[PDB]
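Next comes target-v9.txt, a file with compact mmCIF, C-alpha atoms and all ligand atoms.
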# COMPACT_ATOMS: atom_id res chain seq x y z
CA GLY E 42 -161.14 75.29 -7.25
CA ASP E 43 -160.08 71.97 -5.71
CA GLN E 44 -158.98 72.73 -2.11
CA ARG E 45 -156.58 70.01 -0.84
CA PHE E 46 -156.97 69.34 2.86
CA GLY E 47 -154.79 66.48 3.92
CA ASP E 48 -155.61 63.58 1.65
CA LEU E 49 -159.11 64.94 0.86
CA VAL E 50 -160.35 67.45 -1.72
CA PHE E 51 -163.12 70.02 -1.24
CA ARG E 52 -164.82 71.98 -4.02
CA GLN E 53 -167.41 74.72 -3.58
CA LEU E 54 -170.39 74.09 -5.89
CA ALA E 55 -172.76 76.86 -4.76
CA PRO E 56 -172.79 79.51 -1.99
CA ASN E 57 -173.89 77.02 0.68
CA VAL E 58 -172.77 73.72 -0.94
CA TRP E 59 -169.43 71.92 -1.15
CA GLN E 60 -168.36 68.57 -2.54
CA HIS E 61 -166.09 66.41 -0.37
CA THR E 62 -163.84 63.87 -2.08
CA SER E 63 -161.86 61.06 -0.49
CA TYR E 64 -159.78 58.23 -1.96
CA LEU E 65 -159.24 54.55 -1.28
CA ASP E 66 -156.80 52.20 -2.92
CA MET E 67 -158.91 49.42 -4.35
CA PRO E 68 -156.60 46.62 -5.52
CA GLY E 69 -157.43 46.24 -9.21
CA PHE E 70 -158.95 49.71 -9.78
CA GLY E 71 -156.41 52.23 -8.50
CA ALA E 72 -157.05 54.99 -6.00
CA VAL E 73 -160.82 55.48 -6.30
CA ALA E 74 -162.41 58.85 -5.59
CA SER E 75 -165.76 59.07 -3.83
CA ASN E 76 -167.76 62.29 -3.56
CA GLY E 77 -170.33 63.50 -1.06
CA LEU E 78 -171.80 66.88 -0.09
CA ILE E 79 -171.68 69.45 2.69
CA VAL E 80 -174.56 71.94 2.92
CA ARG E 81 -174.86 74.97 5.18
CA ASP E 82 -178.46 75.61 6.22
CA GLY E 83 -178.45 78.85 8.25
CA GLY E 84 -176.62 78.16 11.47
CA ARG E 85 -176.03 74.45 10.93
CA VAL E 86 -174.28 72.08 8.54
CA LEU E 87 -175.73 68.94 6.91
CA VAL E 88 -173.59 66.16 5.42
CA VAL E 89 -174.44 63.72 2.61
CA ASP E 90 -172.27 60.55 2.71
CA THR E 91 -169.25 59.74 4.79
CA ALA E 92 -165.76 59.30 3.36
CA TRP E 93 -164.35 55.79 2.88
CA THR E 94 -162.91 55.60 6.41
CA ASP E 95 -163.44 56.92 9.92
CA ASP E 96 -160.15 58.85 9.77
CA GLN E 97 -161.10 60.52 6.50
CA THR E 98 -164.58 61.31 7.86
CA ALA E 99 -163.05 62.95 10.95
CA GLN E 100 -161.02 65.08 8.50
CA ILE E 101 -164.27 66.17 6.81
CA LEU E 102 -165.47 67.34 10.22
CA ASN E 103 -162.13 69.16 10.75
CA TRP E 104 -162.49 70.92 7.39
CA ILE E 105 -166.05 71.95 8.33
CA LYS E 106 -164.78 73.36 11.62
CA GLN E 107 -162.07 75.40 9.84
CA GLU E 108 -164.05 76.63 6.82
CA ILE E 109 -167.61 76.94 8.15
CA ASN E 110 -167.37 76.73 11.96
CA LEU E 111 -170.98 75.75 12.63
CA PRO E 112 -172.35 72.54 14.19
CA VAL E 113 -173.09 69.52 12.01
CA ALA E 114 -176.75 68.79 12.71
CA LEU E 115 -177.09 65.51 10.81
CA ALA E 116 -175.72 63.27 8.10
CA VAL E 117 -177.58 61.15 5.58
CA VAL E 118 -175.88 58.28 3.77
CA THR E 119 -177.04 56.96 0.46
CA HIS E 120 -176.42 53.18 0.54
CA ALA E 121 -174.58 50.46 2.47
CA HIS E 122 -171.21 50.43 0.69
CA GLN E 123 -167.92 51.62 2.16
CA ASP E 124 -167.59 54.80 0.13
CA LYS E 125 -170.90 56.12 1.52
CA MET E 126 -171.04 54.56 5.02
CA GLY E 127 -167.42 53.66 5.87
CA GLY E 128 -167.06 56.56 8.30
CA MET E 129 -170.21 56.14 10.38
CA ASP E 130 -168.30 55.61 13.63
CA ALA E 131 -166.54 58.95 13.19
CA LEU E 132 -169.90 60.72 12.89
CA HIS E 133 -171.18 58.93 15.98
CA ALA E 134 -168.03 59.75 17.94
CA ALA E 135 -168.68 63.42 17.10
CA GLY E 136 -172.27 63.22 18.35
CA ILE E 137 -173.85 63.72 14.90
CA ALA E 138 -177.31 62.23 14.24
CA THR E 139 -177.21 59.84 11.29
CA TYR E 140 -179.89 58.71 8.82
CA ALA E 141 -180.06 56.07 6.12
CA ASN E 142 -182.70 54.12 4.22
CA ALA E 143 -184.14 51.49 6.58
CA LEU E 144 -182.91 48.90 4.08
CA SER E 145 -179.36 50.31 4.26
CA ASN E 146 -179.44 49.92 8.02
CA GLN E 147 -180.71 46.36 7.65
CA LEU E 148 -177.91 45.53 5.19
CA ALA E 149 -175.14 47.38 6.98
CA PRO E 150 -173.88 44.52 9.21
CA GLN E 151 -173.59 42.00 6.35
CA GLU E 152 -171.94 44.65 4.14
CA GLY E 153 -169.38 45.35 6.86
CA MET E 154 -170.78 48.80 7.74
CA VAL E 155 -172.04 50.36 10.95
CA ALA E 156 -175.77 51.24 10.67
CA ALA E 157 -177.03 54.80 10.92
CA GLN E 158 -178.98 55.68 14.07
CA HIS E 159 -182.23 56.50 12.26
CA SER E 160 -184.10 54.82 9.42
CA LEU E 161 -185.76 56.60 6.55
CA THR E 162 -188.83 55.10 4.93
CA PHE E 163 -190.37 56.03 1.61
CA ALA E 164 -193.80 56.45 0.10
CA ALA E 165 -194.88 54.38 -2.88
CA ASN E 166 -193.90 57.29 -5.14
CA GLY E 167 -190.32 57.34 -3.77
CA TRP E 168 -190.37 60.51 -1.65
CA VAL E 169 -189.18 60.14 1.92
CA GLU E 170 -191.90 59.88 4.56
CA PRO E 171 -191.44 63.31 6.14
CA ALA E 172 -191.61 62.19 9.77
CA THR E 173 -188.57 59.93 9.22
CA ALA E 174 -186.44 62.86 7.97
CA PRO E 175 -187.11 65.59 10.54
CA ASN E 176 -185.17 68.83 10.36
CA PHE E 177 -183.66 68.02 6.97
CA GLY E 178 -183.95 71.65 5.84
CA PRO E 179 -183.23 71.95 2.12
CA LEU E 180 -182.35 68.25 1.69
CA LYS E 181 -185.03 66.49 -0.35
CA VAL E 182 -184.58 62.72 -0.15
CA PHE E 183 -185.88 60.37 -2.86
CA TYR E 184 -185.76 56.58 -3.32
CA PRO E 185 -185.73 56.00 -7.11
CA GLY E 186 -186.04 52.21 -6.91
CA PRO E 187 -183.39 49.48 -6.88
CA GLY E 188 -180.47 49.98 -9.20
CA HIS E 189 -176.83 50.14 -8.23
CA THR E 190 -178.00 48.47 -5.03
CA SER E 191 -181.44 47.65 -3.70
CA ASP E 192 -181.13 50.41 -1.07
CA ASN E 193 -179.72 53.37 -3.05
CA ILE E 194 -181.23 56.79 -2.29
CA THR E 195 -180.73 60.26 -3.82
CA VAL E 196 -180.88 63.84 -2.51
CA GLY E 197 -181.80 67.18 -4.01
CA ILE E 198 -180.82 70.52 -2.46
CA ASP E 199 -183.66 73.03 -2.43
CA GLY E 200 -182.65 76.56 -3.35
CA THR E 201 -179.94 75.28 -5.72
CA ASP E 202 -179.75 73.56 -9.09
CA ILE E 203 -178.00 70.54 -7.56
CA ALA E 204 -179.17 66.95 -7.22
CA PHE E 205 -177.04 64.11 -5.90
CA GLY E 206 -177.31 60.70 -7.56
CA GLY E 207 -174.69 58.95 -5.44
CA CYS E 208 -173.48 55.76 -6.99
CA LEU E 209 -176.60 55.25 -9.06
CA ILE E 210 -175.57 57.86 -11.67
CA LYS E 211 -172.41 57.80 -13.79
CA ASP E 212 -170.98 60.62 -15.89
CA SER E 213 -171.67 61.21 -19.58
CA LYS E 214 -168.61 59.14 -20.66
CA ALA E 215 -168.61 56.17 -18.33
CA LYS E 216 -168.24 52.79 -20.13
CA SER E 217 -169.94 50.49 -17.65
CA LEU E 218 -172.02 50.55 -14.49
CA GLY E 219 -169.18 49.02 -12.45
CA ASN E 220 -169.45 46.12 -10.06
CA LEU E 221 -173.01 44.81 -10.34
CA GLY E 222 -172.96 41.98 -7.80
CA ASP E 223 -175.45 43.92 -5.65
CA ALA E 224 -177.29 45.57 -8.53
CA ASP E 225 -180.88 45.06 -9.61
CA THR E 226 -180.38 44.51 -13.33
CA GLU E 227 -184.11 44.31 -14.05
CA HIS E 228 -184.93 47.70 -12.48
CA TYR E 229 -181.70 49.76 -12.78
CA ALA E 230 -182.71 51.63 -15.94
CA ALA E 231 -186.12 52.76 -14.61
CA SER E 232 -184.59 53.84 -11.29
CA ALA E 233 -182.10 56.11 -13.05
CA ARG E 234 -184.88 57.77 -15.03
CA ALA E 235 -186.97 58.12 -11.86
CA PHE E 236 -184.15 60.12 -10.22
CA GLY E 237 -184.12 62.49 -13.18
CA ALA E 238 -187.89 62.92 -13.05
CA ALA E 239 -187.87 63.55 -9.28
CA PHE E 240 -185.48 66.50 -9.71
CA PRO E 241 -186.50 67.91 -13.11
CA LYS E 242 -185.03 71.40 -12.56
CA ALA E 243 -181.57 70.21 -11.36
CA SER E 244 -178.92 71.21 -13.89
CA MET E 245 -175.88 70.10 -11.86
CA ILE E 246 -175.84 66.37 -11.19
CA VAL E 247 -173.37 65.38 -8.48
CA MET E 248 -172.35 61.76 -8.26
CA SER E 249 -170.05 59.53 -6.28
CA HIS E 250 -167.39 58.54 -8.81
CA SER E 251 -167.17 61.43 -11.31
CA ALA E 252 -167.02 65.22 -11.22
CA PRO E 253 -170.36 67.07 -11.38
CA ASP E 254 -172.01 66.80 -14.80
CA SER E 255 -175.03 68.12 -16.67
CA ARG E 256 -178.33 66.26 -16.95
CA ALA E 257 -176.73 64.32 -19.79
CA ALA E 258 -175.32 62.20 -16.96
CA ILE E 259 -178.84 60.99 -16.17
CA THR E 260 -179.89 60.39 -19.77
CA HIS E 261 -176.55 58.74 -20.51
CA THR E 262 -176.74 56.58 -17.41
CA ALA E 263 -180.32 55.64 -18.32
CA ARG E 264 -179.43 55.15 -22.00
CA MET E 265 -176.63 52.86 -20.83
CA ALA E 266 -178.85 50.99 -18.38
CA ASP E 267 -181.48 50.48 -21.13
CA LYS E 268 -179.15 47.91 -22.71
CA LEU E 269 -179.33 45.50 -19.79
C1 LIG P 301 -166.56 50.34 -3.30
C2 LIG P 301 -167.45 51.00 -4.36
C3 LIG P 301 -168.89 50.98 -3.85
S1 LIG P 301 -170.04 51.78 -5.03
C4 LIG P 301 -167.31 50.19 -5.63
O1 LIG P 301 -167.76 49.09 -5.66
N1 LIG P 301 -166.62 50.76 -6.77
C5 LIG P 301 -166.02 52.14 -6.79
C6 LIG P 301 -166.15 52.88 -8.12
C7 LIG P 301 -165.56 52.10 -9.21
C8 LIG P 301 -166.25 50.81 -9.37
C9 LIG P 301 -167.69 51.09 -9.91
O2 LIG P 301 -168.66 50.41 -9.47
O3 LIG P 301 -167.89 51.98 -10.78
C10 LIG P 301 -166.40 50.00 -8.07
ZN ZN P 302 -172.09 51.31 -4.04
ZN ZN P 303 -169.73 54.05 -4.88
Would you mind writing the file out in structure tokens?
Ligand SMILES: C[C@H](CS)C(=O)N1CCC[C@H](C(=O)O)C1
Ligand SMILES: [Zn+2]
Ligand SMILES: [Zn+2]
Amino acid sequence: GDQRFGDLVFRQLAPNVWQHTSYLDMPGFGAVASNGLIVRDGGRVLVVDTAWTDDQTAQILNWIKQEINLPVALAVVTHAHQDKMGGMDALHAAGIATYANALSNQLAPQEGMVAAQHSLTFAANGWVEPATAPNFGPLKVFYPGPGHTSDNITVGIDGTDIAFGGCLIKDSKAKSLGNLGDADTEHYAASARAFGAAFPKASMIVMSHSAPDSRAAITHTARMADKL
């Protein structure tokens, strides 16, 4: 179930996949959960998204050491907001190679984040240029277009039914898309549908701010984004 480890929560989603959850008090919204992923690929571990803070991200690494006990080969972060990139310095202090969309790295300083060490770039069709994501194993990285932010990226896990929409996708019963100050209102709806079409076999949709949901999360998020 939900394994409490300090102030974080870990949930196993598949034999080699876990969801990490961390919380930040956001004045006005309560204590906001943010989810990322941990994937074991043979003898190494891959991380998708930091926690909100360096201290929480160090706790993710401590949980990995206790429950998996294999080296963390790399982390990929899915856009330049605090819930996804707030713990970059903890990854760097641990010697972990970090990757983000080139545009996320460009935006990181003005968003108050530390950039990742390596920049991903994407083909016209949205799939990562393979030379920019070396040794990613089962992680399949896709840029669906601007939506929640201009830089948001998404990740499928080969060998599982899981795809990660990050903060682009909301659950089946969300009422709004949240803060939209950085959003691309013209393109959001198409980007959400593009994520669904890039991972057509994924039946478990993991996202930043809700528990894992069915593909109705994608259709509902798209159906909601159609209106704007
Ligand atoms: C700090 C994050 C970066 S995505 C944020 O802005 N949030 C957290 C989730 C609830 C609100 C929403 O957008 O749904 C606002
Ligand atoms: Zn965000
Ligand atoms: Zn978010």
Proximity to residue E:187 - best of E:234, E:268, E:159, E:216, all atoms listed in the file: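 Selected residue with least distance to residue E:187: E:234.
Atom CA of residue E:242 lies 21.5 Å from atom CA of residue E:164.
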Point-to-point distance in Å for atom CA of residue E:128 and atom CA of residue E:90: 8.6 Å
Interatomic distance, atom CA of residue E:133 to atom CA of residue E:170 (Å, one decimal):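 If I compute the distance from atom CA of residue E:133 to atom CA of residue E:170, I get 23.7 Å.
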Protein/DNA/RNA residues near (-171.0, 77.0, 12.9), cut 6 Å, only C-alpha atoms, as number ranges by chain: E: 84-85, 109-112
Which chain E residues have any atom within 8 Å of an atom of ligand ZN 302 (chain P), and for each, what is the nearest pair of atoms with distance in Å to one decimal, counting all atoms listed in the file, rows sorted by chain and number, as a Markdown table?
| residue | atom | partner | partner_atom | distance |
| --- | --- | --- | --- | --- |
| E:120 | CA | P:ZN302 | ZN | 6.6 |
| E:121 | CA | P:ZN302 | ZN | 7.0 |
| E:122 | CA | P:ZN302 | ZN | 4.9 |
| E:123 | CA | P:ZN302 | ZN | 7.5 |
| E:124 | CA | P:ZN302 | ZN | 7.1 |
| E:125 | CA | P:ZN302 | ZN | 7.4 |
| E:189 | CA | P:ZN302 | ZN | 6.4 |
| E:190 | CA | P:ZN302 | ZN | 6.6 |
| E:193 | CA | P:ZN302 | ZN | 8.0 |
| E:208 | CA | P:ZN302 | ZN | 5.5 |
| E:209 | CA | P:ZN302 | ZN | 7.8 |
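Using all atoms listed in the file, the shortest contact distance between residue E:212 and any of E:255, E:146, E:232, E:173 is found at E:255.
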Close residues to ligand ZN 303 (chain P) using only C-alpha atoms and all ligand atoms, limit 12 Å, as a PyMOL selection string: chain E and resi 62-65+67+73-77+90-93+118-127+189-190+193+206-211+218-221+223-224+248-251
Saved selection, atoms kept: C-alpha atoms, as a compact mmCIF listing (two decimals), in the frame of the given file:
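Final output, part_14.txt:
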# COMPACT_ATOMS: atom_id res chain seq x y z
CA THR E 62 -163.84 63.87 -2.08
CA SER E 63 -161.86 61.06 -0.49
CA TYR E 64 -159.78 58.23 -1.96
CA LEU E 65 -159.24 54.55 -1.28
CA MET E 67 -158.91 49.42 -4.35
CA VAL E 73 -160.82 55.48 -6.30
CA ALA E 74 -162.41 58.85 -5.59
CA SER E 75 -165.76 59.07 -3.83
CA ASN E 76 -167.76 62.29 -3.56
CA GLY E 77 -170.33 63.50 -1.06
CA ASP E 90 -172.27 60.55 2.71
CA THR E 91 -169.25 59.74 4.79
CA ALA E 92 -165.76 59.30 3.36
CA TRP E 93 -164.35 55.79 2.88
CA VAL E 118 -175.88 58.28 3.77
CA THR E 119 -177.04 56.96 0.46
CA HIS E 120 -176.42 53.18 0.54
CA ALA E 121 -174.58 50.46 2.47
CA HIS E 122 -171.21 50.43 0.69
CA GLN E 123 -167.92 51.62 2.16
CA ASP E 124 -167.59 54.80 0.13
CA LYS E 125 -170.90 56.12 1.52
CA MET E 126 -171.04 54.56 5.02
CA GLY E 127 -167.42 53.66 5.87
CA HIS E 189 -176.83 50.14 -8.23
CA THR E 190 -178.00 48.47 -5.03
CA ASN E 193 -179.72 53.37 -3.05
CA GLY E 206 -177.31 60.70 -7.56
CA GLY E 207 -174.69 58.95 -5.44
CA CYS E 208 -173.48 55.76 -6.99
CA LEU E 209 -176.60 55.25 -9.06
CA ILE E 210 -175.57 57.86 -11.67
CA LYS E 211 -172.41 57.80 -13.79
CA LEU E 218 -172.02 50.55 -14.49
CA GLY E 219 -169.18 49.02 -12.45
CA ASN E 220 -169.45 46.12 -10.06
CA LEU E 221 -173.01 44.81 -10.34
CA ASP E 223 -175.45 43.92 -5.65
CA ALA E 224 -177.29 45.57 -8.53
CA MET E 248 -172.35 61.76 -8.26
CA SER E 249 -170.05 59.53 -6.28
CA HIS E 250 -167.39 58.54 -8.81
CA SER E 251 -167.17 61.43 -11.31
Point (-152.5, 64.7, 4.8), cut-off 12 Å, counting all atoms listed in the file, residues as a ChimeraX atom specification: /E:45-50,63-64,96-97,100
Residue with smallest distance to ligand LIG 301 (chain P) - pool E:217, E:192, E:104, E:135, counting all atoms listed in the file: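 Nearest to ligand LIG 301 (chain P): E:217.
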Please put the answer as JSON: centre and edge lengths, in Å with one decimal, of a box along x, y and z that encloses all listed atoms of ligand LIG 301 (chain P) plus 8 Å on each side.
{"center_x": -167.8, "center_y": 51.0, "center_z": -7.0, "size_x": 20.5, "size_y": 19.8, "size_z": 23.5}
Residue E:244 environment, 10 Å, all atoms listed in the file, sequence neighbours closer than 4 positions dropped, as a VMD selection string: chain E and resid 201 to 204 240 253 to 257
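Distances to ligand LIG 301 (chain P) were evaluated for E:197, E:167, E:222, E:136 using only C-alpha atoms and all ligand atoms, and the minimum falls at E:222.
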From E:130, E:66, E:199, E:43, residue lying nearest ligand LIG 301 (chain P) [all atoms listed in the file]: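 Smallest distance to ligand LIG 301 (chain P) is found for E:66.
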Residue among E:59, E:168, E:140, E:229 lying closest to residue E:181, counting all atoms listed in the file: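 Selected residue with least distance to residue E:181: E:168.
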Who sits within 10 Å of residue E:163, all atoms listed in the file, same chain under 5 positions skipped, as a ChimeraX atom specification: /E:142-143,168-171,173,182-185,194
